[PDB]
Structure formats: C-alpha cells, structure tokens
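**Student:** What follows is start17.pdb, PDB, C-alpha atoms.
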```
ATOM      1  CA  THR A   1     -20.979  -0.383   9.834  1.00  0.00           C
ATOM      2  CA  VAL A   2     -20.853   1.415   6.441  1.00  0.00           C
ATOM      3  CA  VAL A   3     -22.892   4.502   7.553  1.00  0.00           C
ATOM      4  CA  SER A   4     -23.299   5.897   3.942  1.00  0.00           C
ATOM      5  CA  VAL A   5     -22.724   4.934   0.228  1.00  0.00           C
ATOM      6  CA  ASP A   6     -22.294   7.673  -2.482  1.00  0.00           C
ATOM      7  CA  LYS A   7     -21.913   7.150  -6.295  1.00  0.00           C
ATOM      8  CA  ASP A   8     -21.188   9.932  -8.879  1.00  0.00           C
ATOM      9  CA  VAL A   9     -20.909   8.649 -12.524  1.00  0.00           C
ATOM     10  CA  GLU A  10     -20.227  12.192 -13.953  1.00  0.00           C
ATOM     11  CA  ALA A  11     -16.981  12.504 -11.884  1.00  0.00           C
ATOM     12  CA  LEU A  12     -16.344   8.690 -12.363  1.00  0.00           C
ATOM     13  CA  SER A  13     -16.096   8.244  -8.531  1.00  0.00           C
ATOM     14  CA  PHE A  14     -17.632   5.748  -6.050  1.00  0.00           C
ATOM     15  CA  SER A  15     -17.327   6.694  -2.319  1.00  0.00           C
ATOM     16  CA  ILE A  16     -18.145   4.436   0.715  1.00  0.00           C
ATOM     17  CA  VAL A  17     -18.375   6.069   4.187  1.00  0.00           C
ATOM     18  CA  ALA A  18     -17.977   3.817   7.300  1.00  0.00           C
ATOM     19  CA  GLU A  19     -17.449   4.617  11.022  1.00  0.00           C
ATOM     20  CA  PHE A  20     -15.497   2.464  13.577  1.00  0.00           C
ATOM     21  CA  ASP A  21     -14.895   2.543  17.397  1.00  0.00           C
ATOM     22  CA  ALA A  22     -11.039   2.827  17.264  1.00  0.00           C
ATOM     23  CA  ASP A  23      -8.200   5.433  16.832  1.00  0.00           C
ATOM     24  CA  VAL A  24      -6.880   6.578  13.404  1.00  0.00           C
ATOM     25  CA  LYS A  25      -3.761   4.285  13.595  1.00  0.00           C
ATOM     26  CA  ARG A  26      -5.947   1.291  14.736  1.00  0.00           C
ATOM     27  CA  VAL A  27      -8.169   1.618  11.578  1.00  0.00           C
ATOM     28  CA  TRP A  28      -4.938   2.378   9.535  1.00  0.00           C
ATOM     29  CA  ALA A  29      -3.500  -0.968  10.864  1.00  0.00           C
ATOM     30  CA  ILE A  30      -5.763  -2.953   8.420  1.00  0.00           C
ATOM     31  CA  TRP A  31      -4.043  -1.051   5.511  1.00  0.00           C
ATOM     32  CA  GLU A  32      -0.472  -1.087   6.955  1.00  0.00           C
ATOM     33  CA  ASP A  33      -0.421  -4.809   7.974  1.00  0.00           C
ATOM     34  CA  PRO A  34      -0.790  -7.240   4.900  1.00  0.00           C
ATOM     35  CA  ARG A  35      -2.221 -10.006   7.198  1.00  0.00           C
ATOM     36  CA  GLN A  36      -4.898  -7.575   8.647  1.00  0.00           C
ATOM     37  CA  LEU A  37      -5.682  -6.373   5.054  1.00  0.00           C
ATOM     38  CA  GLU A  38      -6.399  -9.874   3.558  1.00  0.00           C
ATOM     39  CA  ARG A  39      -8.428 -10.478   6.798  1.00  0.00           C
ATOM     40  CA  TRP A  40     -11.310  -8.466   5.145  1.00  0.00           C
ATOM     41  CA  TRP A  41     -10.073  -7.658   1.547  1.00  0.00           C
ATOM     42  CA  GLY A  42     -12.961  -8.716  -0.755  1.00  0.00           C
ATOM     43  CA  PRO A  43     -16.491  -9.949   0.390  1.00  0.00           C
ATOM     44  CA  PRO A  44     -16.999 -12.645   3.238  1.00  0.00           C
ATOM     45  CA  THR A  45     -17.383 -15.356   0.482  1.00  0.00           C
ATOM     46  CA  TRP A  46     -14.135 -14.187  -1.358  1.00  0.00           C
ATOM     47  CA  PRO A  47     -11.296 -13.504   1.264  1.00  0.00           C
ATOM     48  CA  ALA A  48      -7.984 -12.294  -0.339  1.00  0.00           C
ATOM     49  CA  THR A  49      -4.371 -13.472   0.333  1.00  0.00           C
ATOM     50  CA  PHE A  50      -1.373 -11.078  -0.214  1.00  0.00           C
ATOM     51  CA  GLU A  51       1.828 -12.772  -1.540  1.00  0.00           C
ATOM     52  CA  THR A  52       3.584  -9.340  -1.331  1.00  0.00           C
ATOM     53  CA  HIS A  53       2.620  -5.963   0.228  1.00  0.00           C
ATOM     54  CA  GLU A  54       5.335  -3.230   0.046  1.00  0.00           C
ATOM     55  CA  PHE A  55       3.183  -0.354   1.501  1.00  0.00           C
ATOM     56  CA  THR A  56       5.346   2.504   0.050  1.00  0.00           C
ATOM     57  CA  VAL A  57       5.085   5.385  -2.513  1.00  0.00           C
ATOM     58  CA  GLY A  58       5.427   3.712  -5.982  1.00  0.00           C
ATOM     59  CA  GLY A  59       5.401   0.239  -4.329  1.00  0.00           C
ATOM     60  CA  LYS A  60       2.992  -2.649  -5.203  1.00  0.00           C
ATOM     61  CA  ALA A  61       1.053  -5.606  -3.695  1.00  0.00           C
ATOM     62  CA  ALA A  62       0.101  -9.041  -5.204  1.00  0.00           C
ATOM     63  CA  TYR A  63      -3.075 -10.868  -4.019  1.00  0.00           C
ATOM     64  CA  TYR A  64      -5.873 -13.309  -4.970  1.00  0.00           C
ATOM     65  CA  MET A  65      -9.462 -13.795  -3.648  1.00  0.00           C
ATOM     66  CA  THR A  66     -10.091 -17.476  -2.697  1.00  0.00           C
ATOM     67  CA  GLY A  67     -13.704 -18.274  -3.747  1.00  0.00           C
ATOM     68  CA  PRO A  68     -16.329 -20.409  -1.791  1.00  0.00           C
ATOM     69  CA  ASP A  69     -15.852 -23.201  -4.439  1.00  0.00           C
ATOM     70  CA  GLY A  70     -12.025 -22.700  -4.302  1.00  0.00           C
ATOM     71  CA  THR A  71     -12.083 -20.522  -7.520  1.00  0.00           C
ATOM     72  CA  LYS A  72      -8.869 -18.392  -7.360  1.00  0.00           C
ATOM     73  CA  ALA A  73      -9.366 -14.853  -8.850  1.00  0.00           C
ATOM     74  CA  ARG A  74      -6.013 -12.918  -8.997  1.00  0.00           C
ATOM     75  CA  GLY A  75      -5.606  -9.152  -8.445  1.00  0.00           C
ATOM     76  CA  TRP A  76      -2.747  -6.582  -8.450  1.00  0.00           C
ATOM     77  CA  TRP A  77      -2.345  -3.390  -6.318  1.00  0.00           C
ATOM     78  CA  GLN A  78      -0.185  -0.170  -6.569  1.00  0.00           C
ATOM     79  CA  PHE A  79       0.352   2.505  -3.826  1.00  0.00           C
ATOM     80  CA  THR A  80       0.525   6.164  -5.113  1.00  0.00           C
ATOM     81  CA  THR A  81       0.189   8.348  -1.925  1.00  0.00           C
ATOM     82  CA  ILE A  82       0.905   7.113   1.672  1.00  0.00           C
ATOM     83  CA  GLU A  83       0.920  10.014   4.197  1.00  0.00           C
ATOM     84  CA  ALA A  84      -0.229   8.228   7.451  1.00  0.00           C
ATOM     85  CA  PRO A  85      -2.095   7.935   9.777  1.00  0.00           C
ATOM     86  CA  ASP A  86      -5.127   9.331   7.781  1.00  0.00           C
ATOM     87  CA  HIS A  87      -4.449   9.817   3.981  1.00  0.00           C
ATOM     88  CA  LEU A  88      -3.902   6.732   1.714  1.00  0.00           C
ATOM     89  CA  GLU A  89      -4.177   6.360  -2.125  1.00  0.00           C
ATOM     90  CA  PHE A  90      -3.735   3.312  -4.395  1.00  0.00           C
ATOM     91  CA  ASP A  91      -5.064   1.621  -7.580  1.00  0.00           C
ATOM     92  CA  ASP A  92      -7.324  -1.480  -7.337  1.00  0.00           C
ATOM     93  CA  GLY A  93      -6.429  -3.726 -10.302  1.00  0.00           C
ATOM     94  CA  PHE A  94      -7.897  -7.107 -11.344  1.00  0.00           C
ATOM     95  CA  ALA A  95      -5.554  -9.842 -12.736  1.00  0.00           C
ATOM     96  CA  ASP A  96      -6.346 -12.982 -14.858  1.00  0.00           C
ATOM     97  CA  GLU A  97      -4.962 -16.599 -14.350  1.00  0.00           C
ATOM     98  CA  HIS A  98      -1.512 -15.307 -15.599  1.00  0.00           C
ATOM     99  CA  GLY A  99      -1.525 -12.007 -13.565  1.00  0.00           C
ATOM    100  CA  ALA A 100      -2.159  -9.498 -16.437  1.00  0.00           C
ATOM    101  CA  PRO A 101      -4.461  -6.375 -15.823  1.00  0.00           C
ATOM    102  CA  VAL A 102      -8.082  -7.441 -16.693  1.00  0.00           C
ATOM    103  CA  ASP A 103      -8.897  -4.865 -19.473  1.00  0.00           C
ATOM    104  CA  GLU A 104     -12.535  -6.127 -19.217  1.00  0.00           C
ATOM    105  CA  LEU A 105     -12.768  -4.330 -15.787  1.00  0.00           C
ATOM    106  CA  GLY A 106      -9.922  -1.741 -16.193  1.00  0.00           C
ATOM    107  CA  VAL A 107      -8.088   0.091 -13.309  1.00  0.00           C
ATOM    108  CA  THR A 108      -9.647   2.169 -10.419  1.00  0.00           C
ATOM    109  CA  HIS A 109      -7.814   4.598  -8.035  1.00  0.00           C
ATOM    110  CA  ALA A 110      -9.231   4.439  -4.429  1.00  0.00           C
ATOM    111  CA  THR A 111      -8.601   7.273  -1.884  1.00  0.00           C
ATOM    112  CA  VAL A 112      -8.818   6.165   1.821  1.00  0.00           C
ATOM    113  CA  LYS A 113      -9.337   9.078   4.307  1.00  0.00           C
ATOM    114  CA  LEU A 114      -9.460   8.575   8.142  1.00  0.00           C
ATOM    115  CA  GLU A 115     -11.126  11.243  10.407  1.00  0.00           C
ATOM    116  CA  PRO A 116     -10.124  11.472  14.200  1.00  0.00           C
ATOM    117  CA  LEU A 117     -13.446  11.302  16.199  1.00  0.00           C
ATOM    118  CA  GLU A 118     -11.425  11.680  19.506  1.00  0.00           C
ATOM    119  CA  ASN A 119     -11.801   8.020  20.705  1.00  0.00           C
ATOM    120  CA  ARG A 120     -13.306   6.740  17.362  1.00  0.00           C
ATOM    121  CA  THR A 121     -12.442   7.213  13.606  1.00  0.00           C
ATOM    122  CA  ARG A 122     -14.498   7.510  10.343  1.00  0.00           C
ATOM    123  CA  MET A 123     -13.147   6.117   6.989  1.00  0.00           C
ATOM    124  CA  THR A 124     -14.158   7.250   3.434  1.00  0.00           C
ATOM    125  CA  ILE A 125     -12.854   5.212   0.384  1.00  0.00           C
ATOM    126  CA  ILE A 126     -13.402   6.895  -3.085  1.00  0.00           C
ATOM    127  CA  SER A 127     -12.722   4.582  -6.127  1.00  0.00           C
ATOM    128  CA  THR A 128     -12.249   6.625  -9.385  1.00  0.00           C
ATOM    129  CA  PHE A 129     -12.590   4.792 -12.769  1.00  0.00           C
ATOM    130  CA  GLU A 130     -11.064   5.556 -16.256  1.00  0.00           C
ATOM    131  CA  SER A 131     -14.475   5.700 -18.111  1.00  0.00           C
ATOM    132  CA  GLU A 132     -18.306   5.558 -17.607  1.00  0.00           C
ATOM    133  CA  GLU A 133     -18.780   2.225 -19.510  1.00  0.00           C
ATOM    134  CA  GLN A 134     -16.049   0.809 -17.146  1.00  0.00           C
ATOM    135  CA  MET A 135     -17.846   1.914 -13.877  1.00  0.00           C
ATOM    136  CA  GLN A 136     -21.193   0.633 -15.305  1.00  0.00           C
ATOM    137  CA  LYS A 137     -19.420  -2.773 -15.857  1.00  0.00           C
ATOM    138  CA  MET A 138     -18.131  -2.615 -12.204  1.00  0.00           C
ATOM    139  CA  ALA A 139     -21.829  -2.231 -11.147  1.00  0.00           C
ATOM    140  CA  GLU A 140     -22.780  -5.165 -13.534  1.00  0.00           C
ATOM    141  CA  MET A 141     -20.163  -7.342 -11.703  1.00  0.00           C
ATOM    142  CA  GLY A 142     -21.642  -6.096  -8.377  1.00  0.00           C
ATOM    143  CA  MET A 143     -18.101  -4.934  -7.343  1.00  0.00           C
ATOM    144  CA  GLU A 144     -19.644  -1.855  -5.618  1.00  0.00           C
ATOM    145  CA  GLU A 145     -21.871  -4.095  -3.357  1.00  0.00           C
ATOM    146  CA  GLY A 146     -19.085  -6.685  -2.640  1.00  0.00           C
ATOM    147  CA  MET A 147     -16.745  -3.744  -1.782  1.00  0.00           C
ATOM    148  CA  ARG A 148     -19.304  -2.553   0.855  1.00  0.00           C
ATOM    149  CA  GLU A 149     -19.453  -6.165   2.276  1.00  0.00           C
ATOM    150  CA  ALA A 150     -15.592  -6.063   2.618  1.00  0.00           C
ATOM    151  CA  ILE A 151     -15.849  -2.732   4.565  1.00  0.00           C
ATOM    152  CA  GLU A 152     -18.641  -4.257   6.777  1.00  0.00           C
ATOM    153  CA  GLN A 153     -16.177  -7.126   7.535  1.00  0.00           C
ATOM    154  CA  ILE A 154     -13.677  -4.379   8.724  1.00  0.00           C
ATOM    155  CA  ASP A 155     -16.144  -4.005  11.646  1.00  0.00           C
ATOM    156  CA  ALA A 156     -15.452  -7.775  12.268  1.00  0.00           C
ATOM    157  CA  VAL A 157     -11.636  -7.018  12.182  1.00  0.00           C
ATOM    158  CA  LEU A 158     -11.654  -4.022  14.626  1.00  0.00           C
ATOM    159  CA  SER A 159     -14.404  -5.446  16.941  1.00  0.00           C
ATOM    160  CA  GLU A 160     -13.814  -9.224  16.458  1.00  0.00           C
ATOM    161  CA  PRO A 161     -16.884 -10.471  18.534  1.00  0.00           C
ATOM    162  CA  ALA A 162     -16.613 -14.282  19.344  1.00  0.00           C
ATOM    163  CA  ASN A 163     -15.749 -15.696  15.852  1.00  0.00           C
ATOM    164  CA  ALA A 164     -14.881 -12.584  13.679  1.00  0.00           C
ATOM    165  CA  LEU A 165     -17.486 -13.736  11.039  1.00  0.00           C
ATOM    166  CA  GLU A 166     -19.003 -17.271  10.567  1.00  0.00           C
ATOM    167  CA  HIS A 167     -20.328 -15.948   7.114  1.00  0.00           C
ATOM    168  CA  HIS A 168     -23.902 -15.220   8.520  1.00  0.00           C
ATOM    169  CA  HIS A 169     -24.138 -12.306   5.935  1.00  0.00           C
ATOM    170  CA  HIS A 170     -27.247 -13.585   3.997  1.00  0.00           C
ATOM    171  CA  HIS A 171     -28.720 -10.525   2.158  1.00  0.00           C
ATOM    172  CA  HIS A 172     -28.331  -8.722  -1.240  1.00  0.00           C
TER     173      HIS A 172
END
```
Show me, as structure tokens, the structure contained in the file I just sent.
**Tutor:**
Amino acid sequence: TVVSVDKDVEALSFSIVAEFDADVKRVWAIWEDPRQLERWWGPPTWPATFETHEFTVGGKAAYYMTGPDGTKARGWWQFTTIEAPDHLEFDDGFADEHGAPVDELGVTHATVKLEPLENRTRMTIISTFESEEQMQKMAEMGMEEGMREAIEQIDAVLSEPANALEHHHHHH
C-alpha cells in the first residue's frame, strides 16, 4: 500500500503512512523477526541481510543491503523504545565498507506506530534527522523514495501473492 507520505523539514521529520490487512502482532512480526525484517528492509533492488538482531531496549542490529550488481552497502541499527505490539523506536544508521557510521548521511531516529483496525492494522514510520542539510542529502540520495518502496514490499510480505515480488516495480 503506502496510503500517504508526509514530510516536515522544520521539525526534521519524514513520516510514511501505510495500511495492511492483518492484526497488530502480524504487522509487528516483520519488526520482531530478523528474517521477516530483511525480507523487505530496503527497496526491491537492494534487499538487506541481518547478521545480528537483538530486538531489545538499548540493543542493536547489524545488516547490509545486497545490490542488483552485488554491491554490498553496510548499515547499523539501534533500538531505543520497544513497547509491543504497537509502539517501536530505533535509529537507522548507514555504515561504510568497515562498518563506521556514514557521517555523509548522519543518523535518523524512526518511530513505528501500529493502529488496531479490528481485523486490519495501519502503520506510520516517522524518521527524524539531526539537521536540515542532512535530510536534504537523504532526499538527494532518494532514501525517502526507496524507503517507501521497502514499505510497499511489506504488502508483499503480509499478502505474499504467488511469488512475493519478481521485481516488477518499474516506476520512479
């Protein structure tokens, strides 16, 4: 899906609203299970792979997005607030070939909120950046668009039609 996309540069936040036919724990399962997270983490062309995923308050996660050419782009993750089954908070971090925080792109704190629609659930992920010139550079990378494409591939995780996704996503 992705039913709405909101961006506020004054408050340094970038929110994506999406709505899925599943319960709050079923949509939470993509966050709780490392294997179900890397299933959609990053765009269709760059699927991630989590070496570790603690999923605890003050715990971390290590991953890398495997490119279409094989180009391996590392990233690091840190959990700040895990309430369950609705409220989650963490920090999306990029990592270089050694695993150091990419100061080119900085650090961004995303807040995942699940809403019980009886038999369905709506998710809203708000990524907050350290500065304006940082969040402009995130938009220059196209991180905001590729993030949406990841959340549209969540629909492929929770539905899973007859192939999940053959990479038919051909539009920007």
**Student:** What does the structure give for the distance between atom CA of residue A:91 and atom CA of residue A:107, in Å to one decimal?
**Tutor:** 6.7 Å
**Student:** Between A:154, A:62, A:141, A:164, which is the closest to residue A:105 once you count only C-alpha atoms?
**Tutor:**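 Of A:154, A:62, A:141, A:164, the one nearest residue A:105, counting only C-alpha atoms, is A:141.
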**Student:** I'd like the neighbourhood of residue A:38 as a VMD selection string, where a residue qualifies if any of its atoms comes within 8 Å (using all atoms listed in the file), though same-chain residues fewer than 3 positions away should be ignored.
**Tutor:** chain A and resid 34 to 35 41 to 42 47 to 50
**Student:** Can you give me, as an mmCIF file with C-alpha atoms, keeping the file's coordinate frame, the residues this file yields under the PyMOL selection byres ((chain A and resi 110) around 10)?
**Tutor:**
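Just written: result_9.cif:
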```cif
data_model
loop_
_atom_site.group_PDB
_atom_site.id
_atom_site.type_symbol
_atom_site.label_atom_id
_atom_site.label_comp_id
_atom_site.auth_asym_id
_atom_site.auth_seq_id
_atom_site.Cartn_x
_atom_site.Cartn_y
_atom_site.Cartn_z
ATOM 1 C CA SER A 13 -16.096 8.244 -8.531
ATOM 2 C CA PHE A 14 -17.632 5.748 -6.050
ATOM 3 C CA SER A 15 -17.327 6.694 -2.319
ATOM 4 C CA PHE A 79 0.352 2.505 -3.826
ATOM 5 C CA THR A 80 0.525 6.164 -5.113
ATOM 6 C CA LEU A 88 -3.902 6.732 1.714
ATOM 7 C CA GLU A 89 -4.177 6.360 -2.125
ATOM 8 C CA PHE A 90 -3.735 3.312 -4.395
ATOM 9 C CA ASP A 91 -5.064 1.621 -7.580
ATOM 10 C CA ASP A 92 -7.324 -1.480 -7.337
ATOM 11 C CA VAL A 107 -8.088 0.091 -13.309
ATOM 12 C CA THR A 108 -9.647 2.169 -10.419
ATOM 13 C CA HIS A 109 -7.814 4.598 -8.035
ATOM 14 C CA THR A 111 -8.601 7.273 -1.884
ATOM 15 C CA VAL A 112 -8.818 6.165 1.821
ATOM 16 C CA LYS A 113 -9.337 9.078 4.307
ATOM 17 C CA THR A 124 -14.158 7.250 3.434
ATOM 18 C CA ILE A 125 -12.854 5.212 0.384
ATOM 19 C CA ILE A 126 -13.402 6.895 -3.085
ATOM 20 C CA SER A 127 -12.722 4.582 -6.127
ATOM 21 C CA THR A 128 -12.249 6.625 -9.385
ATOM 22 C CA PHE A 129 -12.590 4.792 -12.769
#
```
**Student:** Could you tell me which of A:46, A:149, A:81, A:3 comes closest to residue A:60 if we count all atoms listed in the file?
**Tutor:**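 Using all atoms listed in the file, the shortest distance to residue A:60 belongs to A:81.
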**Student:** Rank nothing, just name the residue among A:72, A:118, A:130, A:86 nearest to residue A:98, using all atoms listed in the file.
**Tutor:** A:72
**Student:** Of the candidates A:32, A:156, A:87, A:166, which one gets nearest to residue A:116 if we count only C-alpha atoms?
**Tutor:**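 Smallest separation from residue A:116 among the options: A:87.
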**Student:** Between A:136, A:163, A:56, A:66, which one has atoms that come closest to residue A:12, using all atoms listed in the file?
**Tutor:** A:136
**Student:** Can you pull out the residues contacting residue A:102? Cut-off 10 Å, using all atoms listed in the file, and skip same-chain residues under 3 positions away; I want them as a PyMOL selection string.
**Tutor:** chain A and resi 74-76+93-97+99+105-107
**Student:** Any chance you could export stretch 91-119 of chain A with N, CA and C atoms, as an mmCIF file, in the first residue's frame?
**Tutor:**
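The resulting file, selection38.cif, is shown below:
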```
data_model
loop_
_atom_site.group_PDB
_atom_site.id
_atom_site.type_symbol
_atom_site.label_atom_id
_atom_site.label_comp_id
_atom_site.auth_asym_id
_atom_site.auth_seq_id
_atom_site.Cartn_x
_atom_site.Cartn_y
_atom_site.Cartn_z
ATOM 1 N N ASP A 91 17.038 3.812 15.619
ATOM 2 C CA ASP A 91 17.850 4.737 14.815
ATOM 3 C C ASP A 91 18.433 4.016 13.581
ATOM 4 N N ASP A 92 17.949 4.405 12.390
ATOM 5 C CA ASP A 92 18.528 3.985 11.105
ATOM 6 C C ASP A 92 19.913 4.638 10.911
ATOM 7 N N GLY A 93 20.953 3.806 10.875
ATOM 8 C CA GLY A 93 22.310 4.264 10.602
ATOM 9 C C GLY A 93 22.908 3.583 9.378
ATOM 10 N N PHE A 94 23.628 4.351 8.561
ATOM 11 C CA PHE A 94 24.397 3.815 7.421
ATOM 12 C C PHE A 94 25.832 3.507 7.882
ATOM 13 N N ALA A 95 26.448 2.471 7.303
ATOM 14 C CA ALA A 95 27.825 2.053 7.638
ATOM 15 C C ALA A 95 28.650 1.852 6.350
ATOM 16 N N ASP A 96 29.935 2.238 6.383
ATOM 17 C CA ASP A 96 30.838 2.118 5.205
ATOM 18 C C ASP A 96 31.367 0.656 5.067
ATOM 19 N N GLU A 97 32.391 0.432 4.214
ATOM 20 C CA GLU A 97 32.977 -0.919 3.998
ATOM 21 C C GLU A 97 33.599 -1.524 5.291
ATOM 22 N N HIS A 98 33.923 -0.663 6.279
ATOM 23 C CA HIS A 98 34.495 -1.096 7.576
ATOM 24 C C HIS A 98 33.404 -1.269 8.661
ATOM 25 N N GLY A 99 32.273 -0.544 8.518
ATOM 26 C CA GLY A 99 31.156 -0.612 9.485
ATOM 27 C C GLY A 99 31.040 0.622 10.394
ATOM 28 N N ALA A 100 31.737 1.711 10.029
ATOM 29 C CA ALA A 100 31.669 3.007 10.745
ATOM 30 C C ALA A 100 30.448 3.843 10.281
ATOM 31 N N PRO A 101 29.770 4.607 11.212
ATOM 32 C CA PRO A 101 28.621 5.482 10.854
ATOM 33 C C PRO A 101 28.967 6.528 9.759
ATOM 34 N N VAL A 102 28.361 6.352 8.568
ATOM 35 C CA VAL A 102 28.490 7.280 7.425
ATOM 36 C C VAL A 102 28.034 8.712 7.819
ATOM 37 N N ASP A 103 29.028 9.552 8.158
ATOM 38 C CA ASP A 103 28.828 10.965 8.579
ATOM 39 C C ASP A 103 28.387 11.871 7.400
ATOM 40 N N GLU A 104 28.557 11.352 6.174
ATOM 41 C CA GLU A 104 27.963 11.914 4.941
ATOM 42 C C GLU A 104 26.414 12.003 5.052
ATOM 43 N N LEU A 105 25.805 10.916 5.572
ATOM 44 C CA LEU A 105 24.332 10.746 5.649
ATOM 45 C C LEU A 105 23.773 10.920 7.084
ATOM 46 N N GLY A 106 24.661 10.844 8.094
ATOM 47 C CA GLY A 106 24.279 11.029 9.507
ATOM 48 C C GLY A 106 23.451 9.876 10.102
ATOM 49 N N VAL A 107 22.700 10.179 11.184
ATOM 50 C CA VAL A 107 21.814 9.211 11.886
ATOM 51 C C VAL A 107 20.361 9.749 11.919
ATOM 52 N N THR A 108 19.369 8.851 11.748
ATOM 53 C CA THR A 108 17.930 9.220 11.772
ATOM 54 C C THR A 108 17.102 8.253 12.652
ATOM 55 N N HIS A 109 16.325 8.821 13.586
ATOM 56 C CA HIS A 109 15.509 8.066 14.555
ATOM 57 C C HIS A 109 14.076 7.847 14.011
ATOM 58 N N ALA A 110 13.727 6.606 13.640
ATOM 59 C CA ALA A 110 12.380 6.288 13.112
ATOM 60 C C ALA A 110 11.447 5.746 14.216
ATOM 61 N N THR A 111 10.201 6.249 14.227
ATOM 62 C CA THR A 111 9.161 5.852 15.198
ATOM 63 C C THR A 111 8.036 5.088 14.463
ATOM 64 N N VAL A 112 7.952 3.772 14.699
ATOM 65 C CA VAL A 112 6.934 2.882 14.091
ATOM 66 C C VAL A 112 5.720 2.741 15.029
ATOM 67 N N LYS A 113 4.533 3.139 14.546
ATOM 68 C CA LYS A 113 3.282 3.104 15.335
ATOM 69 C C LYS A 113 2.182 2.312 14.593
ATOM 70 N N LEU A 114 1.723 1.212 15.216
ATOM 71 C CA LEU A 114 0.661 0.336 14.671
ATOM 72 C C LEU A 114 -0.714 0.656 15.308
ATOM 73 N N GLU A 115 -1.750 0.788 14.460
ATOM 74 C CA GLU A 115 -3.124 1.142 14.883
ATOM 75 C C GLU A 115 -4.104 -0.034 14.625
ATOM 76 N N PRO A 116 -4.720 -0.638 15.699
ATOM 77 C CA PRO A 116 -5.694 -1.754 15.555
ATOM 78 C C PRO A 116 -7.001 -1.336 14.822
ATOM 79 N N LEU A 117 -7.113 -1.727 13.543
ATOM 80 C CA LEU A 117 -8.340 -1.517 12.726
ATOM 81 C C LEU A 117 -9.254 -2.771 12.794
ATOM 82 N N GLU A 118 -9.486 -3.267 14.031
ATOM 83 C CA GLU A 118 -10.246 -4.517 14.317
ATOM 84 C C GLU A 118 -9.554 -5.764 13.707
ATOM 85 N N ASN A 119 -9.796 -5.998 12.412
ATOM 86 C CA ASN A 119 -9.261 -7.157 11.665
ATOM 87 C C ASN A 119 -8.024 -6.762 10.815
#
```
